[PDB]
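Each chain gets a letter, A, B and so on, in the order the sequences are listed, and its residues count up from 1. The basis for the numbers below is simple: all heavy atoms, side chains too, and nothing from hydrogens, waters or symmetry mates.
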Amino acid sequence: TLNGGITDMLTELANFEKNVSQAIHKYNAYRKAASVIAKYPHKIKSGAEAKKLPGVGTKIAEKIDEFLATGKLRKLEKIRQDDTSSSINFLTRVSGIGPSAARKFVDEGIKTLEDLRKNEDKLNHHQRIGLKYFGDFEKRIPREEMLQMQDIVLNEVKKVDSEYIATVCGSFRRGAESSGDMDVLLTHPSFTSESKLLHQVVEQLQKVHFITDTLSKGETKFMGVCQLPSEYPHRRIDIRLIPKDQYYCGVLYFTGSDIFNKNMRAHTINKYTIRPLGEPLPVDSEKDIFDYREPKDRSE
DNA sequence: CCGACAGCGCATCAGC
DNA sequence: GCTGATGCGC
DNA sequence: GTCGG
Ligand SMILES: Nc1ncnc2c1ncn2[C@H]1C[C@H](O)[C@@H](COP(=O)(O)OP(=O)(O)OP(=O)(O)O)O1
Ligand SMILES: [Mg+2]
Ligand code: NA
Ligand code: NA
């Protein structure tokens with residue numbers, strides 16, 4: 001776009017730090033810089049101009065100058081042609097394979113999806129599912145499909161027990177036209193702070209063949225795979241069982257957005273409770289914590 | 001100069 | 001067998 | 001990598 005070349009450069013640098021160098025803080029640093037630049041409504045003419053923005057320091061300013069003068073970045077060019085770094089970076093696209101597993105695989109010659117297929121015994125359950133739905137997991141989910149997925153979830157949950165309260169949060173609740181996955185928050189009157197509710201819900205969704213695979217499952221959090229009945233790509237779905245008195249704080253947090261949660265927290269609010277500067281305050285709705293904006297306007 | 005940068009649920013490893 | 005650390009995703 | 005004590 002205006003600075004798409006710069007933001008793509010920073011994003012690519014971010015991924016290298018995360019996946020190859022294992023520098024999570026430098027990763028977030030590049031992303032923060034890429035984020036502020038993407039929102040900047042001017043054609044950047046120099047690194048000095050960008051350095052005025054928060055999150056952009058000397059090193060990135062120098063990289064921008066090189067980019068604006070050459071149209072590329074020498075360091076990135078070398079990284080792209082490097083077999084080891086590129087293979088490590090690519091393997092991290094598989095769900096369940098992080099920087100550690102990726103580096104470990106590449107060390108022993110395993111560099112591609114094909115290599116992963118003929119090495120199945122070297123992969124855990126999560127990684128196998130990640131390999132199986134590699135393409136599907138990188139697909140976006142249209143809102144129309146999300147609506148259909150929501151129809152099934154709310155219907156089956158209410159069938160298990162009409163006392164349940166389920167809310168699909170994330171970008172979908174914010175009214176987005178597409179979503180990366182489905183985040184479902186679940187609660188029940190019999191479950192308050194420190195009081196098999198999640199299991200029965202998961203089982204029912206597996207019974208109607210909505211949930212197809214399981215990445216992780218515990219007493220409060222489920223991570224798995226689902227698919228609409230036909231063809232349809234397999235989708236990532238998370239289900240969290242949350243106490244009733246911590247439910248709406250969770251709804252607020254998991255609704256987002258990222259910038260909104262950060263802004264609302266600064267102006268203590270965490271995913272669980274809200275406390276004065278102290279003991280958790282009684283919250284029975286999203287409006288309550290606001291009193292101490294509709295999801296469609298929660299971008300920042 | 002130098003520490004913070006989100007924190008936690010679950011799976012699986014490291015070690016006793 | 002167990003506890004704690006680590007990896008991972010979010 | 002950037003920010004700020
Ligand atoms: N780093 C974070 N800080 C605060 N809240 C976060 C963070 N990461 C995720 N969340 C919360 C806000 C999001 O709405 C909620 C769901 O995470 P996400 O699924 O990443 O939101 P999204 O659903 O808007 O992304 P997408 O549309 O790509 O799935 O989790
Ligand atoms: Mg989401
Ligand atoms: Na700056
Ligand atoms: Na991964």
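Distances shown here put every side-chain N or O of A/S100 at or beyond 4.0 Å from the OP1 or OP2 atom of C/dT6. A sub-4.0 Å separation between OP1 or OP2 of C/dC10 and a side-chain N or O of A/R236 is present.
A/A23 comes within 4.0 angstrom of no nucleic acid atom, judged by non-hydrogen atoms across all strands. Within 4.0 Å of A/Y30, counting heavy atoms only, lie sugar-phosphate atoms of the nucleic acid but no base atom. Counting any heavy atom pair closer than 4.0 Å across all strands shown, A/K59 reaches sugar-phosphate atoms only and no base atom. Using a 4.0 Å heavy-atom cutoff across all strands shown, A/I24 reaches no nucleic acid atom at all.
Checked against side chain to side chain contact (heavy atoms under 4.5 Å, CB included), A/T58 has the following partners two or more places apart in sequence or in another chain: A/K51, A/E62. Every side-chain hydrogen bond (donor to acceptor under 3.5 Å, both in side chains) that A/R236 has, sequence neighbours left out, goes to A/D238. Every ring pair (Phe, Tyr, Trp, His ring centres under 6.0 Å) that A/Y133 has, sequence neighbours left out, goes to A/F137, A/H234.
Closest-nucleotide positions on DNA chain B for A/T214 and A/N28 were compared, and the one nearer the 5' end corresponds to A/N28.
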Study note, to complete from the structure: Note, DNA chain B 5' to 3' with Watson-Crick or G-U pairs under 3.5 Å encoded as ( ), [ ], | and . gives |||||.||||||||||

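In this structure, the ring of A/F90 has its center no less than 6.0 angstrom from the ring center of A/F16.
Each of A/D245, A/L241, A/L198, A/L186 was scored for a side-chain contact (heavy atoms from CB on, under 4.5 Å) with A/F191, with one residue passing: A/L241.
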Are there any protein N/O atoms within less than 3.5 Å of an N/O atom in nucleotides 1-4 of chain B, and if so, which ones and at what distance?
none

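Using the sign of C1'-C2'-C3'-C4' as the criterion, C/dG1 is classed as north-puckered.
First and last contacts of DNA chain D with chain A, using any nucleotide atom under 4.0 Å from a protein heavy atom and ordered 5' to 3', fall at D/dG1 to D/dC3.
Judged by distance alone, the side chains of A/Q200 and A/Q204 never bring a donor and an acceptor atom under 3.5 Å apart.
Base stacking is present between B/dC10 and B/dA11; both the centre distance of their six-membered rings (under 5.5 Å) and the plane angle (under 30°) fall inside the limits.
Checked for salt-bridge contact, A/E286 and A/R173 meet the test: a charged N lies under 4.0 Å from a carboxylate O.
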